[PDB]
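Form deposited without the partner chain, single chain, as structure tokens, below.
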């Protein structure tokens, strides 16, 4: 599968999975396991939202093409064959970014990397629903991270200090 292999335009109704798909593309070489589950979350969320409008069914079909392609590429990778190994992989990576961004936050260092790490950590917790229900701790870290990210971002956007 090509780097940045294009899907058809994203249906307006799937606007809520836009950033999960972007995260997938950004990890397509760095970490195909993350890229795979990010797409899986987007597929599975898309189906629940609208799987009968034609545009959406087209989009979903193309997305499954990339999933199937990537499952092929990954083969006997344990993070794919064993869900819980995939879950631990994503969870450890989400926590890594969260602890990174949190450390920056506590030091008063506010910048694009710490903002993106907060928001990606929350996107990864979304993705972790494909392994089962979120824990109370997942839910709190997700909310916390989304808040810091959009808040710090909007401050800096408007020349204010958070």
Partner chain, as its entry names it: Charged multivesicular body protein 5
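Throughout, rigid core stands for the largest set of C-alpha atoms superposing within 1.5 Å between the two forms. Positions refer to the first chain, counted from 1. Only residues modelled in both forms are compared.
FYI, the form deposited with the partner chain bound isn't displayed, but the following is about it.
Given that the partner chain is not shown alongside this chain, does residue 134 nevertheless sit within 4.5 Å of it in the deposited bound form, heavy atom to heavy atom?
Although the partner chain is absent here, residue 134 would stay clear of it in the deposited bound form, with no heavy atoms inside 4.5 Å.
Should residue 115 be counted as a contact of the partner chain in the deposited bound form, where contact means heavy atoms within 4.5 Å?
Residue 115: contacts the partner chain in the deposited bound form.
Check residue 26 for me: does it contact the partner chain in the deposited bound form (non-hydrogen atoms, 4.5 angstroms)?
Contact with the partner chain, yes.
Please tell me whether any heavy atom belonging to residue 150 falls inside 4.5 Å of a heavy atom of the partner chain, as the geometry stands in the deposited bound form.
Within the cut-off, so yes.
Using a 4.5 Å cut-off on heavy atoms, which residues of 70 to 93 contact the partner chain in the deposited bound form?
Stretch hits: a single one, 93.
Tell me which consecutive stretches, at least 3 residues long, show Cα shifts of 2 angstroms or more between the shown form and the other one after the core superposition.
Residues 4 to 6, 135 to 137, 157 to 162 form the runs that move by 2 Å or more between the shown form and the other one.
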